[PDB]
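Encoded as C-alpha cells, the following chain is the form deposited without (6S)-5,6,7,8-tetrahydrofolate (THG), with no partner shown.
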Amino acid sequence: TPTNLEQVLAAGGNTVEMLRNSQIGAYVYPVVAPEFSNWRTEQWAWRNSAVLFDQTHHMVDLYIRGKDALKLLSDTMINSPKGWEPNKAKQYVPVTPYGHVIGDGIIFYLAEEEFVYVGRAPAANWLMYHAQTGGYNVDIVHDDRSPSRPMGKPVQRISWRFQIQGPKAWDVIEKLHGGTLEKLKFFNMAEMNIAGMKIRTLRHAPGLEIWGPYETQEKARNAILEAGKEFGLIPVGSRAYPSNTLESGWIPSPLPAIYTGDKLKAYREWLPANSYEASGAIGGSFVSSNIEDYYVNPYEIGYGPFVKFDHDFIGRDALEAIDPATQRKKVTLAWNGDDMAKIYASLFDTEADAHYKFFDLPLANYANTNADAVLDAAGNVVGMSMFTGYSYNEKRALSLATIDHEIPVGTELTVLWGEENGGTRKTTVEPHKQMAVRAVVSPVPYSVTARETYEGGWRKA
C-alpha cells in the first residue's frame, strides 16, 4: 500500500477526482466547544463588545531553532527578509518552483535563531521538508493540530494561543495588564501581565494574540474571562470562530499546489500517504480534469504586496514572469438573500425530488479546500469561490473569492452552489441539486456595496 503522496497519486486515478471524492470528512476545528453561548451572539460580540478566540487546537505549530533558521525561511518565502529582527511576525507565504501558493501561516521571530510557525499543515510540511533534505543547520519540533474527534481522549499541545478582539478588547487588555499598555504597530510583538504571568503578545480596533505554555492555559483563560465581564467579553466557540475570516478577508484554504511538476517529485515522495495533501478533499462546483486549475498564485489571493524580489527564494523566477496587472483578484462576494432563502426553503419541501446543497451556518464549507465556480451572465467561468458562510453582523451569506481582474466592484455574478451529478462521494455531501446564487462583488475586508445594473447582466468583453 502507498507510503507517500507520489505513490498515492500513481495508484489513485485522476488527482482531481481523488480529492473531490475523498472520504476524509469535514474539515474540523477541534476540541474547543462548538458554542459557549450561541454562535450568533458570539459573532455579534466580536463586532460590538469583545471576545476571547481560543486558537489552541486548529493549527500546526513548528518550532524552528538554529543558525540557519532565518535562512530556511528566507530561502522559501516570498516575503522580504531584510530588516527582520526578533519581536516582529510575518505572514509566511511559500510558493513552489512554479510560482503557486503552497500555503501560508504566521511566523513569529521570537529571538535570535528562534522562530515558530503557526498555520495549516501544508506550509509546515514544506518547511520541514526543506529543513530535513536541504542540509540546513536547524532543529525542528513539530506539534500537530489537535485530533478532529478526540472522543474522550486527552489532548496535549505545547502552547496555548488566544486572541482578545473587538471594540472593547484594549479595555480588557489594559485591565489585565494593570495599567496602560502601548499599542504597537501591526504584527509587532511584546508582552503583558495576565494573573502575575509574563505573557508574550502579537499586535493584531486593536487587539492581541497571546500565547504561553499549555500548562498555564486555564489560569490565563480564567483571568481573561473574569476581567472581561465588565466590558461584555465572551468566549467564542469553534462553530463561530472560523467564520470571522469571512468578514476579515483571509482565504485559509488554497490548495497546496504540489500535485504536478517534476521539480516537486521528491517532495511528493517525502510527504506521507496520510498527509493533508494526500488525504484531504476539494469541495464545490468547479470541475476541471487538470488539478493545476485549482492552483493559485500569491497575487490572486491578496499576497501581491508581500512579494519582494530582494532575496533568493524558491519560485522567484516564476513570480517575476507573472504580470500582476492581469491576475485574478481577491474579493468578497455578497450572496443574494432571496437565493439563500430559496436554498433553505428546499429542506422543507416534501414533494421535490431533490433539494439544494445544505448550507451550514455560520460556516458552509464541506472540504479542506473549497472551489465553487463563479460565472458571468454568459456562463463564462470568471472566478473561483474559496470560503463560504454567513455573518450575523451583516445578515448576509458571504464568500471569499478570486475573480478576473477587470470585474468592477458592485457587479452581480453567480456562484454555482453545490456539486454536479447529485454530489461527489465526500462523506460531508448529502444528495442535492445545484443552484446559481446571485452574488455582488464587494471589497475585502467586506463592506456593503451597491449592486450595479448592466443590461442583460455583466459578461466578459
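So that there is no doubt, residue numbering starts at 1 and follows the sequence shown.
One more form of this protein exists, namely the form deposited with (6S)-5,6,7,8-tetrahydrofolate (THG) bound; it is left out here, but the text below deals with it.
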* **Open or blocked: (6S)-5,6,7,8-tetrahydrofolate (THG) superposed from its pose in the deposited complex, cut-off 2.4 Å to backbone or C-beta** => open
* Asked: Using a 4.5 Å heavy atom cut-off, which stretch among 264-272, 113-121, 354-362, 315-323 contacts (6S)-5,6,7,8-tetrahydrofolate (THG) in the deposited complex?
  -> 113-121
* Just one of 428, 402, 55, 424 has a heavy atom within 4.5 Å of (6S)-5,6,7,8-tetrahydrofolate (THG) in the deposited complex. Which one? -> 55
* Asked: Of the options 146, 76, 163, 391, which one has a non-hydrogen atom that comes within 4.5 Å of (6S)-5,6,7,8-tetrahydrofolate (THG) in the deposited complex?
  -> 163
* To do: Classify residue 279 as contacting or not contacting (6S)-5,6,7,8-tetrahydrofolate (THG) in the deposited complex by the rule of any non-hydrogen atom within 4.5 angstroms, answering yes or no.
  => no
* Asked: With the cut-off set at 4.5 Å between non-hydrogen atoms, does residue 69 touch (6S)-5,6,7,8-tetrahydrofolate (THG) in the deposited complex?
  -> no
* Is residue 371 close enough to (6S)-5,6,7,8-tetrahydrofolate (THG) in the deposited complex to count, meaning some heavy atom within 4.5 Å? -> no
* Give a yes or no for residue 376: in the deposited complex, does one of its heavy atoms lie within 4.5 Å of a heavy atom belonging to (6S)-5,6,7,8-tetrahydrofolate (THG)? => no
* Any residue of 192-217 with a heavy atom within 4.5 Å of (6S)-5,6,7,8-tetrahydrofolate (THG) in the deposited complex counts; write them all down in order. => 204, 209
